[PDB]
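> The structure's right below; bear with me while I get my questions together.
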Amino acid sequence: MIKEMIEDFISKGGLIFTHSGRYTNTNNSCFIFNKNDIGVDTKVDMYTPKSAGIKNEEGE
DNA sequence: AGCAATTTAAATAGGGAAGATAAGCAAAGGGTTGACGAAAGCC
Numbered sequence: 796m797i798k799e800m801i802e803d804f805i806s807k808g809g810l811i812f813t814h815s816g817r818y819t820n821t822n823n824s825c826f827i828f829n830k831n832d833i834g835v836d837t838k839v840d841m842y843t844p845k846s847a848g849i850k851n852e853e854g855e
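This is the structure we're talking about:
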């Protein structure tokens with residue numbers, strides 16, 4: 796399910812971003828979602844504390 | 001005690017043999033490098 800997942804994300808810290816300083820330093824935790832660069836094939840990152848979240852029936 | 005000459009021509013061709021093989025092993029390791037969240041003494 797998808798809504799189940801979006802809400803699983805929201806019960807947790809719940810951040811969706813396209814740019815971050817988390818890659819520069821893992822202790823940083825700055826997450827920035829730019830609106831202008833979202834396109835058809837724009838890959839999009841998300842953050843949860845310790846990457847928490849349930850999987851589906853196909854294990855994703 | 002330096003003086004030692006000039007031109008001219010330097011071979012055309014025919015051949016550079018194929019047949020064989022070119023190992024099989026067994027190794028090639030992991031040891032550290034984790035930030036948030038949550039109890040839990042402690043100024």
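Position 35 (the first sequence) corresponds to 830 in our numbering; numbering is contiguous. For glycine and all other residues, C-beta sits at the position ideal for the given N, C-alpha and C.
Which residue's Cα is closest to the Cα of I827: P844, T821, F812 and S806?
Within the first sequence, numbered from 1, the residue matching residue 827 stands at position 32. It is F812 whose Cα lies nearest to the Cα of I827.
> What residue range does the beta strand (DSSP E) around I833 cover?
Translated into the one-based positions of the first sequence, residue 833 becomes position 38. No residue range can be given for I833, since it is assigned to no beta strand (DSSP E) and is classified by DSSP as neither H nor E.
> My output table needs one value for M841: the three-state DSSP class, helix, strand or coil.
Sequence index remark: in the first sequence, residue 841 carries index 46 (1-based). If DSSP states are grouped into helix, strand and coil, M841 belongs with the strands.
> Just the Cα atoms here: how many angstroms apart are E855 and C825?
Taking the first residue of the first sequence as position 1, residue 855 is located at position 60. Taking the first residue of the first sequence as position 1, residue 825 is located at position 30. Taking the straight line joining both Cα atoms gives about 25 Å.
> Apart from the five residues just before and just after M796, which ones in its own chain have a Cβ nearer than 8 Å to its Cβ?
For the purposes of this step, residue 796 is taken as the residue at position 1 of the first sequence. So the list reads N851, once near-sequence residues are dropped.
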